[PDB]
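Novice: Structure in structure tokens, see below.
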Amino acid sequence: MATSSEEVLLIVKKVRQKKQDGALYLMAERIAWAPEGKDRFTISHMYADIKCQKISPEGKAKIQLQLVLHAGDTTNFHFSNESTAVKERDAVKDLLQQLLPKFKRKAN
Amino acid sequence: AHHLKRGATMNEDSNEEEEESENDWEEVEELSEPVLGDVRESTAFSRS
């Protein structure tokens, strides 16, 4: 329970970064993403370093979530999961923004 | 209208960094619970 453990709170499927196939896994204090069907993670950010996140609303050909890090970084996550794309988008949004100020390491 | 990113062929090979609507997100911010006292269970100790 938020004890530096790899406890995946939210398992998001078919997530693409810049159209790259993958899966988004929300752990206790870190959010990681790895290509779908691959065992090697490529994206790993701590909630501590993330300041906020923006979500690309309907009207686009792809529903997405961009992570705005207070370190000057941004991660565009396209929810290409036809099954729960929009649904996962908001669930991830909420969970992330809820944990965002809880692990805030910007107090430095 | 057209997508404000891909003006011509640049990375339509791997389809990575060429086009994306990254200038249209409902910007979500760090949301915290309105609390003015972290003692709701500790106070229910009843007795020692």
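Ligands are numbered from 1 in the order shown, chains are lettered A, B, ... in the order of the structure tokens, and residues start at 1 in each chain.
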Within 12 Å of chain B, which residues of chain A are there when counting only C-alpha atoms? Please give them as number ranges by chain.
Specialist: A: 16-21, 47-70, 74-78, 89-90, 92-104, 106
Novice: As an MDAnalysis selection string, list the residues of chain A assigned to strand (DSSP E) by DSSP on the backbone atoms of this structure.
Specialist: chainID A and resid 10:12 15:17 23:26 30:34 43:46 50:56 64:69 73:79
Novice: Only N, CA and C atoms, please: the residues just picked out, written as a short mmCIF file (atom, residue, chain, number, x, y, z; two decimals), in the first residue's frame.
Specialist:
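The result, written out as again.cif:
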```cif
data_model
loop_
_atom_site.label_atom_id
_atom_site.label_comp_id
_atom_site.auth_asym_id
_atom_site.auth_seq_id
_atom_site.Cartn_x
_atom_site.Cartn_y
_atom_site.Cartn_z
N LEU A 10 -4.00 0.45 -11.21
CA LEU A 10 -4.81 0.48 -12.41
C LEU A 10 -4.07 -0.08 -13.62
N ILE A 11 -4.65 -1.09 -14.24
CA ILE A 11 -4.07 -1.71 -15.42
C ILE A 11 -4.81 -1.24 -16.66
N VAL A 12 -4.15 -0.41 -17.44
CA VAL A 12 -4.72 0.13 -18.66
C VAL A 12 -4.18 -0.63 -19.86
N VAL A 15 -2.47 1.14 -24.96
CA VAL A 15 -2.12 2.55 -24.86
C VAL A 15 -0.95 2.81 -25.79
N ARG A 16 -1.04 3.84 -26.60
CA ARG A 16 0.01 4.14 -27.54
C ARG A 16 0.62 5.51 -27.30
N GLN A 17 1.94 5.57 -27.27
CA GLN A 17 2.62 6.84 -27.10
C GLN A 17 3.16 7.20 -28.46
N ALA A 23 1.01 -0.69 -23.14
CA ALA A 23 0.04 -0.81 -22.08
C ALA A 23 0.46 0.10 -20.94
N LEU A 24 -0.49 0.77 -20.32
CA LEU A 24 -0.18 1.70 -19.25
C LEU A 24 -0.50 1.06 -17.90
N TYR A 25 0.49 1.00 -17.02
CA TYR A 25 0.30 0.41 -15.70
C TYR A 25 0.54 1.44 -14.61
N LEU A 26 -0.50 1.70 -13.83
CA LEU A 26 -0.44 2.66 -12.74
C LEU A 26 -0.12 1.95 -11.43
N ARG A 30 4.29 5.20 -8.88
CA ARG A 30 4.88 5.38 -10.19
C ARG A 30 3.97 4.88 -11.30
N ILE A 31 4.02 5.58 -12.42
CA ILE A 31 3.24 5.23 -13.59
C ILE A 31 4.19 4.76 -14.68
N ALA A 32 4.03 3.53 -15.13
CA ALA A 32 4.91 2.99 -16.15
C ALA A 32 4.13 2.49 -17.35
N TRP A 33 4.78 2.52 -18.49
CA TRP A 33 4.17 2.07 -19.73
C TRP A 33 5.15 1.19 -20.49
N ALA A 34 4.65 0.10 -21.04
CA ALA A 34 5.46 -0.83 -21.80
C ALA A 34 4.66 -1.34 -22.98
N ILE A 43 8.65 3.40 -20.50
CA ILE A 43 8.25 4.64 -19.86
C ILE A 43 8.00 4.43 -18.37
N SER A 44 8.63 5.25 -17.54
CA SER A 44 8.48 5.16 -16.09
C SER A 44 8.60 6.54 -15.45
N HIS A 45 7.50 7.02 -14.89
CA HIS A 45 7.48 8.33 -14.23
C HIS A 45 6.89 8.21 -12.85
N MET A 46 7.45 8.94 -11.91
CA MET A 46 6.94 8.93 -10.55
C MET A 46 5.90 10.03 -10.43
N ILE A 50 5.38 14.28 -11.63
CA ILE A 50 4.31 14.74 -12.48
C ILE A 50 3.57 15.88 -11.79
N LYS A 51 3.33 16.95 -12.52
CA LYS A 51 2.64 18.08 -11.94
C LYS A 51 1.15 17.99 -12.24
N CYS A 52 0.83 17.64 -13.46
CA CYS A 52 -0.55 17.54 -13.88
C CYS A 52 -0.66 16.67 -15.13
N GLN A 53 -1.86 16.53 -15.65
CA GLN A 53 -2.08 15.72 -16.83
C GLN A 53 -3.23 16.31 -17.60
N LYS A 54 -3.14 16.33 -18.90
CA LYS A 54 -4.23 16.86 -19.68
C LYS A 54 -4.80 15.75 -20.54
N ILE A 55 -6.09 15.81 -20.81
CA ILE A 55 -6.75 14.76 -21.57
C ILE A 55 -7.32 15.29 -22.89
N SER A 56 -6.99 14.66 -24.00
CA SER A 56 -7.51 15.13 -25.28
C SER A 56 -8.92 14.62 -25.45
N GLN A 64 -6.82 10.81 -25.81
CA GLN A 64 -5.49 10.67 -25.20
C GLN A 64 -5.33 11.38 -23.86
N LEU A 65 -4.19 11.10 -23.22
CA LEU A 65 -3.81 11.67 -21.95
C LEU A 65 -2.34 12.14 -21.99
N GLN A 66 -2.09 13.44 -21.81
CA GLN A 66 -0.72 13.93 -21.81
C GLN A 66 -0.28 14.24 -20.38
N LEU A 67 0.86 13.69 -19.98
CA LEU A 67 1.39 13.90 -18.64
C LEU A 67 2.34 15.08 -18.64
N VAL A 68 2.00 16.11 -17.88
CA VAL A 68 2.84 17.29 -17.79
C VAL A 68 3.68 17.23 -16.53
N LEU A 69 4.96 16.97 -16.69
CA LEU A 69 5.86 16.88 -15.56
C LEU A 69 6.40 18.27 -15.23
N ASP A 73 8.75 18.03 -18.83
CA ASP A 73 8.51 16.87 -19.68
C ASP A 73 7.02 16.66 -19.89
N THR A 74 6.66 16.00 -20.98
CA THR A 74 5.27 15.72 -21.30
C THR A 74 5.15 14.37 -22.01
N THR A 75 4.23 13.53 -21.55
CA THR A 75 4.04 12.22 -22.15
C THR A 75 2.64 12.08 -22.75
N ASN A 76 2.56 11.91 -24.06
CA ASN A 76 1.28 11.76 -24.75
C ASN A 76 0.86 10.29 -24.82
N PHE A 77 -0.20 9.93 -24.12
CA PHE A 77 -0.69 8.56 -24.11
C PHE A 77 -2.03 8.43 -24.83
N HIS A 78 -2.01 7.77 -25.97
CA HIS A 78 -3.20 7.55 -26.78
C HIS A 78 -3.91 6.27 -26.34
N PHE A 79 -5.16 6.39 -25.95
CA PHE A 79 -5.94 5.24 -25.53
C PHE A 79 -6.54 4.56 -26.75
#
```
Novice: Expressed in Å to a single decimal, how great is the separation between CA of residue 4 in chain A and CA of residue 27 in chain A?
Specialist: 9.2 Å
